[PDB]
């Protein structure tokens, strides 16, 4: 665990950058009934080596929409600087994702994604500023947080009531809202596919509304994990595997 000085610096940085988050739609395709104008959807992920605390592999992919085919992949081995601490995920993974976005601008600027799906929460976060917000503010790209487990903050809990609501999700696209003790809607549970029971937890990262974020996440789901995140996960793990 990092020293308190590091964690203090981290909390202060999250509070500083949180003032820049935009939690409403700012792109014309977002207000379109079929997302007309949306052509490129990004996904990011970092995979790790079981033996090694230093080496990781970061991946950025860009997919065509609505076809969901990979038109760009950049995967690179990186040197880890921070350990994993819940609530501070960005300080472990986000510096490498920002660099991949910058490399894309240098290499294939016409494939810059119009929105990025991030493997982690956005505003559903201990301090309202998860990795998806953090990437969005540092890149100014619209970003969606997609998490596979419920971050138990603001009274949210994976209890019997929560599991009851999960059973009530019956088809792909069904949802229920994640309400905090303050009464605010932090995100949505989403049944991403007809043949999956475990929901995704979707929240706003940056420059998108929750309703649009949920609907786009659903439209990217060939399987349970949305295809951009899924392809970034698959390809970064393949890189680690082929270099053992």
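Positions refer to the first chain, counted from 1. Rigid core (definition): largest C-alpha set, two forms, superposition within 1.5 Å.
Asker: Could you tell me which of the two stretches, 224-232 or 8-16, has its Cα atoms lying farther from the shown structure in 7 other deposited structures of this protein after fitting on the rigid core?
Answerer: Once the core is superposed, the stretch further away in 7 other deposited structures of this protein is 8-16.
Asker: Would you determine, from the values in the PDB entry, which of 27-35 and 56-64 has the greater average C-alpha temperature factor?
Answerer: Between 56-64 and 27-35, it is 27-35.
Asker: Mean CA B-factor: is it higher for 44-52 or for 215-223?
Answerer: Higher mean C-alpha B-factor in the PDB entry: 44-52.
Asker: Which is it among 81, 134, 127, 103: the one with the largest CA B-factor in the entry?
Answerer: Going by the entry's C-alpha B-factors, 81 comes out highest.
Asker: Say you rank 89, 98, 112, 171 by Cα B-factor from the PDB entry; which sits at the top?
Answerer: In this record, 171 carries the highest C-alpha B-factor of the candidates.
Asker: Please place residue 204 in the lowest, middle or highest third of its chain by C-alpha B factor as given in the entry.
Answerer: Its C-alpha B-factor belongs to the lowest third of this chain's values.
Asker: Place residue 119 in the lowest, middle or highest third of its chain's C-alpha B-factors, as listed in the PDB entry.
Answerer: CA B-factor rank for residue 119: lowest third.
Asker: Classify residue 143 as lowest, middle or highest third according to the C-alpha B-factor given in the PDB entry, relative to its own chain.
Answerer: Answer is lowest: the recorded C-alpha B-factor places it there.
Asker: Quick one: classify residue 15 as lowest, middle or highest third of the chain based on its Cα B-factor.
Answerer: Ranked within chain, residue 15 CA B lands in the highest tercile.
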